[PDB]
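Asker: Take this structure, written in structure tokens, and hold onto it; I'll ask about it next.
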Amino acid sequence: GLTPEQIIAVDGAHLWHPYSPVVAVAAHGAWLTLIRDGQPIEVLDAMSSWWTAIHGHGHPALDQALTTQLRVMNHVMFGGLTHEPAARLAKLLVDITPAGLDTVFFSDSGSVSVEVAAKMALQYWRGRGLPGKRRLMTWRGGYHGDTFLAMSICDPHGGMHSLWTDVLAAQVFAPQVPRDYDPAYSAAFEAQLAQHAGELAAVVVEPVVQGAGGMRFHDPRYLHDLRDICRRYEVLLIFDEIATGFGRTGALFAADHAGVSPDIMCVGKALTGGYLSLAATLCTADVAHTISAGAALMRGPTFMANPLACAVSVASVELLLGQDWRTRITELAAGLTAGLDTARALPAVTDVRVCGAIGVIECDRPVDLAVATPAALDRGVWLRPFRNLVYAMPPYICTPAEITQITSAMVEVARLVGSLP
Amino acid sequence: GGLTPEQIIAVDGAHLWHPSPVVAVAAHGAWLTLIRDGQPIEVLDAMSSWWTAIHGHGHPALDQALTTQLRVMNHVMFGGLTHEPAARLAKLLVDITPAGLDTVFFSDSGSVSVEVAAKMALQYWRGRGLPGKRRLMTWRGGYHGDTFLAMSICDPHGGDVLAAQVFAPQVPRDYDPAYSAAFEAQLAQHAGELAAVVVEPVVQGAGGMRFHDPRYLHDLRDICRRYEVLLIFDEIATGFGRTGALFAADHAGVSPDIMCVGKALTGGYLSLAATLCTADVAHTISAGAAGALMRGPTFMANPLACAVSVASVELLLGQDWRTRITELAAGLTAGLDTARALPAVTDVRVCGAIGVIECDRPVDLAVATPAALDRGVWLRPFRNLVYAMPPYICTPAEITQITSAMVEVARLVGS
Ligand SMILES: Nc1ncnc2c1ncn2[C@@H]1O[C@H](C[C@@H](N)CC[C@H](N)C(=O)O)[C@@H](O)[C@H]1O
Ligand SMILES: *Cc1c(COP(=O)(O)O)cnc(C)c1O
Ligand SMILES: *Cc1c(COP(=O)(O)O)cnc(C)c1O
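The listed protein sequences correspond, in order, to chains A and B. Under the authors' numbering, the residues of the first sequence are numbered 7 to 25, 34 to 310, 313 to 437, in order. Under the authors' numbering, the residues of the second sequence are numbered 6 to 24, 34 to 173, 180 to 435, in order.
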């Protein structure tokens, strides 16, 4: 039962974080209880805890789903055994994802689901007698995880491939996909892919929204082009929807904006409503059959299809489906847009953009976290900028007033960027 | 929306990838409730659910730790925030692991914790101004996970194509200082290219359930120190008492520079792993250029998983675990002894709460599985191995039942 000061002391001495942290002591609905100057303060989780908390924290339905599962069985090995939570979740996922995806492979994290997607693609072509088809192609600006293979398709400059390469698989990169639709971009993409088609297993991209590579949006029409290009050159298409899934862009999955189905698909983050790590890789029947007809995909992972994480996800997915989630996301998008409009006129702001429940203020310099953090906290909001971006991905349960409280703090952070000393 | 066992099977058959499965409907203590010919039957979890359920399933103390935490905070992002379950767990881990390991990096799986270890080692030598130290060295027979980097040090045969590391021969069971000398000679040839030696200490698990004399770890520690190569121990399988020491490293009295834990860390409730390093590794990386070891992972240091793990570790430490494992080891030895005289049995071996019958041919799972279930035991052999890694809470009578089923499966492989 440590005190905030003891927590801070232990953390300073023994904990590695990604990249002095604030002590969080509670989380309920859209709100976190954080320790500031030795006192608890309530702040909005404008980040959704890294895009996971779509229904808020401590939602009664998700809490209960977990406690109910905990009562009957915490976990059994998925080697030789199956269970209801995996079965229910698999059925839900195949039903709500783009058409053709009827096979589900569970893992424990988004990056591992991407590795699984890559193994599927490589084993697919090997089972066709084409093992030379082993490279991946993507466009720049992407992010697909922190493992070595996932790093090989992350943006090469944002990912510092230069001090990670000769250790990274050498992949094929098209230029940054532009925001607005330009048929010349897709034509150049096809021409590059065509040169490598015989060594390419798959194209892998984040559809519509590129998250951790810079919160960039692109016209859904580009996905239509990639689908067609991949089909003609016999290259699989992989959509990484670990960030875009479960309504976040205003459609259930961002692929839906283009009306295209990839051959393989990854989901994670919002999958469990931000309770527990879980991810999934889906593929088509043709992909699954070719692999399984081939000469023997994974030995684990150990916690594959964990009943607890699967049960809460079922509850989270059913909670989303059982409400008018589309209207809800449309309203949040409208709130973000109206709330961020004022930021456009600010001196250090280069762009303001919104896609579904994603709100972005792009600035003309890197955001100084030692300035941004306390300023947002002074305004009752937890914001975590990265690079030159002040952005939010709020819980879907945020009220119109909470949304404007978030956007108001974002504008205020940008203003300080901003000016200055 | 509330499935019958027949419906679970139909849904699984149509839409689930596994690594025809048996439907599990419950688990409590050392027992699983499985569906066999329509009927819910209880069987022993002789595998501890892939080596994770050390206190058994649904342990009141661990269940309670989870229900307590859920009421307060399910999860927050570990980017810019910290919390009590993370602090409590990092503190326990630093205290109970080999001396010198004082920094903890949490992740969601063992295979990821191994990639994190590799990233620490690579960034370490860059921070020392030695960026040519980039390759890994291991010995044959190992397993480190299913991710791409992790697979690069898994046993080459059995598991560009695709990250070419340095491999010493299979480490022998008995101690032969000549093995260690040849290991040193090979390492010396590559020392300037090598970031780290990575091995499983004492027990190699998914690569063949092979044991080796702890003195080899002693030698590796000295070899590594003399040649400026980091030593990494992957204790994802061996951790938390499984081999009769708290950590397998303890059988040799050595500390690695970096260490990985997972599996039994949470008592098998939830996926969590961790990578620990020394203060010299942490400071040398953090004073180094890039920043960004990870972004990464989204669910890093999950309050729920950390909380249950605290309860699990405290449960283990709060008892005479050492005596418990000794009793388990003794029970496994007595129960498997019989099997050595069987036509198909090459070896019988026990190390802590790990019991192994090695056969002269593959075990048929279509024969082995139903045979042990009829005996009230869930056993999953692999390759030529019939083995168990049972919960620590298994009674002598449960151990005899497990070992009896094991001998019978071995007796059948020969038939
Ligand atoms: N001043 C800064 N400069 C660079 N990066 C920063 C800064 N402040 C924050 N960030 C952190 O960098 C992290 C990078 C994130 N976009 C990671 C994305 C994603 N949620 C993931 O973890 O996979 C953000 O979560 C921020 O917390
Ligand atoms: C979050 C992210 C990942 C990585 O997920 P982790 O669980 O953190 O490993 C992969 N792809 C995309 C698009 C992501 O946003
Ligand atoms: C279990 C295992 C791993 C992999 O852990 P996962 O959680 O399955 O990814 C890594 N190293 C060793 C020694 C293992 O036994």
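Just so you know, even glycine gets a beta-carbon here, dropped at the ideal spot from N, CA and C.
So if DSSP puts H42 (chain B) in a beta bridge, which residue, or which two residues, is it bridged to?
Answerer: BP columns for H42 (chain B) point to B:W45.
Asker: Could you give the distance in angstroms between the alpha-carbon of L313 (chain B) and the alpha-carbon of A19 (chain A)?
Answerer: Going by the C-alpha atoms only, they are around 18 Å apart.
Asker: Report yes if the C-beta of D17 (chain A) is less than 7 Å from at least one heavy atom of ligand 1; otherwise report no.
Answerer: No - ligand 1 has no heavy atom lying nearer than 7 Å to the Cβ of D17 (chain A).
Asker: What would DSSP say about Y247 (chain A), mapped onto helix, strand or coil?
Answerer: If DSSP states are grouped into helix, strand and coil, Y247 (chain A) belongs with coil.
Asker: Within this structure, are the beta carbons of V126 (chain A) and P317 (chain A) separated by less than 8 Å?
Answerer: Yes. Within cutoff.
Asker: Going by alpha carbons, who is nearest to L107 (chain A) out of A:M151, A:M279, A:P382?
Answerer: Cα-wise, what sits closest to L107 (chain A) is A:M279.
Asker: Report, in whole angstroms, the separation of the C-beta atoms of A40 (chain B) and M87 (chain A), which I expect to be a contact under 8 Å.
Answerer: Going by Cβ atoms, the distance from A40 (chain B) to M87 (chain A) rounds to 5 Å, so yes, they are a contact pair.
Asker: Output the residue ranges of the alpha helix (DSSP H) runs that lie fully inside the segment 357-420 of chain B and measure 4 residues or longer, sorted by chain position.
Answerer: The qualifying runs are 385-393.
Asker: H89 (chain B) touches chain A at which residues, Cβ-Cβ below 8 Å?
Answerer: Within chain A, the residues near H89 (chain B) are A41, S63, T66, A67, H71, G288, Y289, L290.
Asker: Under 8 Å, with one C-beta from each stretch per pair, do the segment 143-157 of chain A and the segment 151-160 of chain B reach the 3-pair mark?
Answerer: No, the segment 143-157 of chain A is not in contact with the segment 151-160 of chain B.
Asker: When the cut-off is 8 Å and only beta carbons count, does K283 (chain B) lie next to chain A?
Answerer: It does: the Cβ of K283 (chain B) has a partner Cβ on chain A nearer than 8 Å.
Asker: Do we get a CB-CB distance below 8 Å when we pair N322 (chain A) with the residues of chain B?
Answerer: Yes, contact with chain B.
Asker: Looking at C-alpha atoms only, which residue of B:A268, B:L48, B:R235 is the closest neighbour of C371 (chain B)?
Answerer: Closest option to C371 (chain B), Cα to Cα, is B:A268.
Asker: Just to confirm my understanding: we take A164 (chain B), look at its own chain, exclude 5 residues before and 5 after, and list those with CB closer than 7 Å. What are they?
Answerer: Within the same chain, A164 (chain B) has close Cβ partners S125, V128, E129, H158.
Asker: Rounded to a whole number of angstroms, what is the C-alpha to C-alpha distance between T66 (chain A) and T343 (chain A)?
Answerer: Each residue's alpha carbon lies about 20 Å from the other.
Asker: To the nearest angstrom, how far is it from the Cα of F319 (chain A) to the Cα of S62 (chain B)?
Answerer: Each residue's alpha carbon lies about 12 Å from the other.
Asker: Name the one or two DSSP bridge partners that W153 (chain B) has.
Answerer: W153 (chain B) is bridged to B:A188.
Asker: Could you tell me how far apart the beta carbons of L250 (chain A) and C244 (chain A) are, in whole angstroms, since I believe they sit closer than 8 Å?
Answerer: About 7 Å; that satisfies the 8 Å criterion.
Asker: Less than 8 Å between the CB atoms is what I'm expecting for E378 (chain A) and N404 (chain A), so what's the real figure, rounded?
Answerer: So it is a contact: roughly 6 Å between Cβ atoms.
Asker: Determine contact between the segment 355-366 of chain B and the segment 386-399 of chain B, defined as no fewer than three beta-carbon pairs at a distance below 8 Å.
Answerer: Not touching, per the Cβ criterion.
Asker: Would you check if the distance between the CB atom of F231 (chain A) and the CB atom of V222 (chain A) is smaller than 8 Å?
Answerer: For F231 (chain A) and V222 (chain A), yes; Cβs fall inside 8 Å.
Asker: Report yes or no: do three or more beta-carbon pairs, one from the segment 396-403 of chain A and one from the segment 327-341 of chain A, lie closer than 8 Å?
Answerer: These segments do not touch.
Asker: Could you name the residues that DSSP lists as bridge partners for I55 (chain A)?
Answerer: DSSP lists A:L48 as partners of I55 (chain A).
Asker: Please classify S62 (chain A): does DSSP put it in a helix, a strand, or coil?
Answerer: Reduced to three states, the DSSP call for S62 (chain A) is helix.
Asker: For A350 (chain A) and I256 (chain A), what's the separation of their Cα atoms in angstroms?
Answerer: About 24 Å.
Asker: Do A294 (chain A) and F187 (chain A) come within 8 Å of each other at the CB atom, strictly closer than that value?
Answerer: No, the pair does not count as a contact, with Cβ atoms beyond the cut-off.
Asker: List the DSSP bridge partners of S166 (chain A).
Answerer: BP columns for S166 (chain A) are empty, so no partner.
Asker: What does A104 (chain A) reach in chain B if we use C-beta pairs closer than 8 Å?
Answerer: Within 8 Å Cβ-Cβ: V16, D17, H20, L21.
Asker: What are the boundary residues of the beta strand (DSSP E) that includes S121 (chain A)?
Answerer: Here the beta strand (DSSP E) through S121 (chain A) covers 115-121.
Asker: Is the beta carbon of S125 (chain B) within less than 7 Å of some heavy atom of ligand 2?
Answerer: No, since every heavy atom of ligand 2 falls outside the 7 Å radius drawn around the Cβ of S125 (chain B).
Asker: Mind checking if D394 (chain A) is an interface residue toward chain B, Cβ cutoff 8 Å exclusive?
Answerer: Output row for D394 (chain A): interface = no.
Asker: Please determine, among B:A184, B:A310, B:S166, B:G94, the residue with the shortest C-alpha to C-alpha distance to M174 (chain A).
Answerer: When only C-alpha atoms are compared, the closest one is B:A310.
Asker: By the three-class DSSP mapping on this structure, what secondary structure does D254 (chain A) have?
Answerer: DSSP places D254 (chain A) in strand when its eight states are reduced to three.
Asker: Name, please, each residue of chain A whose Cβ falls closer than 7 Å to the Cβ of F119 (chain B).
Answerer: The answer, in chain order, is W22.
Asker: So, with DSSP's three-state summary, where would you put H20 (chain B)?
Answerer: Helix at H20 (chain B).
Asker: Can you tell me whether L405 (chain B) sits near ligand 1, meaning its C-beta is under 7 Å from at least one heavy atom of the ligand?
Answerer: Incorrect: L405 (chain B) has no Cβ contact closer than 7 Å to ligand 1.
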